[PDB]
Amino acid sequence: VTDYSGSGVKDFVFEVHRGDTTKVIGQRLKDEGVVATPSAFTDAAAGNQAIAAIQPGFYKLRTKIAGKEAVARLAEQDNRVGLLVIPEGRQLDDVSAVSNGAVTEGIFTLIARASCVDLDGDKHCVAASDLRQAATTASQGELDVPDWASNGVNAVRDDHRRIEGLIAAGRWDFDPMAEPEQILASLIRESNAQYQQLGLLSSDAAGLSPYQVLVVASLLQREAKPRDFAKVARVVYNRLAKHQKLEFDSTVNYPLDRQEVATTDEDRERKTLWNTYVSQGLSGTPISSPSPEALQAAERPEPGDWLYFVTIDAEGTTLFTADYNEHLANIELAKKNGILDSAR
C-alpha cells in the first residue's frame, strides 16, 4: 500500500490521547498528514514495545514521512515534549542559596524548560516571565482555580503567588503550543485531581478547610524531614489552638525566594501575608508544593501534646515537647552537638 518516502515536510506537535490504541494512532497519523495510510504506521509498529506502551502526551513529529520513520520518531524519548516534573517542595519562583550553594529552579522555569520544541530549526518555548504574568493577571475561571481555593486566591491580588500550592508536585503533561494561561490551567486541573486522590477534599480533621490543609502541608514540607511530618502537624494544630505564633523560618524565607537559612530579627519583623513570626495563624497561601506524605500528615496529625521541636544531632534526631523549659534545654543540646550556631 502507499507509504511515503523521503525526509518529510513540516515538524509539528502531535498528541496521543488517553485510550488511543496503535490502530487509532495510525488513523490519526494518516489524518494529520504524517503517514500515507494507517496501515503504513501499524505494520511498521507491529511487535514494537515502545509503541505498544506509548503514553498519552505530546510528541514532535514530521509530516509526509514513512511509517517506520513515524514509529522511530514516536519511540525516540527525545521527541517527548510538554512532559514536566515538579519535585516536592518547589516554589513558583527560583530560589537562591545564600548558603553559597546553587539556585533551585522553580515551577515557572521548569514549565518553560519542559515547553521547548525544536520545529524546523526554530526552538519554540514559553517564557517563564510570560507564565508569571499570566499567573499574576488571569482570572480564576481562566486558570481553572478550584472552588476550594477560590477565596484563598482571591485574597492575594496582582501577585503570582496567589496560585502557590495549586500546581502540585508530580509528573504532568501539557500542550507546549498552548497559551500561558491555558498551560497553567491544565496544570492546575491535573493537580486538583491529584489533590482529590490524596485526600485533600475528604479530610475529617476538625476545623480545617481543604485550603488550610494544603497550607499546613506546604509548611511541613519546608520545616521538617518526612519522618517528622505527622508530629510537626500536631505541633502546628496545637499552636493554632493555643494562639501561639508558628514562628516558622520557611514563612520568612518564602517571599524572599531564599533557601533554608537562619533568619535575622529584621527579617522576622517584616510584615507579609506569610510571616508567622509577626502574625498568629497560618500563612496566607501555601509556601511550596508539598509531597504526598506531607499532605497525609496534615490530614492525620499524630496524637500528642507537643508545642515545640528541634533537631539535636547529626543523625537528624528531633525532640518534641510540650514543656518550654525542656525545649530550651533541647536547643542548647543542639548547640553543644554542633548542629546549631551558638549565636544568631
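Heads up: residue numbers just count along the shown sequence, starting at 1.
Higher mean CA temperature factor between 132 to 140 and 163 to 171: 132 to 140, per the PDB entry. The mean Cα B-factor in the deposited entry runs higher for 254 to 262 than for the other of 183 to 191 and 254 to 262.
Per the deposited coordinates, the residue with the largest Cα temperature factor out of 90, 268, 234, 222 is 268. In the PDB entry, the Cα temperature factor peaks, among 85, 149, 102, 213, at 102.
In the PDB entry, residue 293 places in the lowest third of its chain by CA B-factor.
The PDB entry assigns residue 318 a C-alpha temperature factor belonging to the middle third of its chain's modelled residues.
Compared with the other modelled residues of the chain, the Cα B-factor recorded for residue 48 ranks in the highest third. Residue-level temperature factors show residue 239 in the lowest third of its chain, judged at the C-alpha atom. Sorting the modelled residues of the chain by their CA temperature factor places residue 287 in the lowest third.
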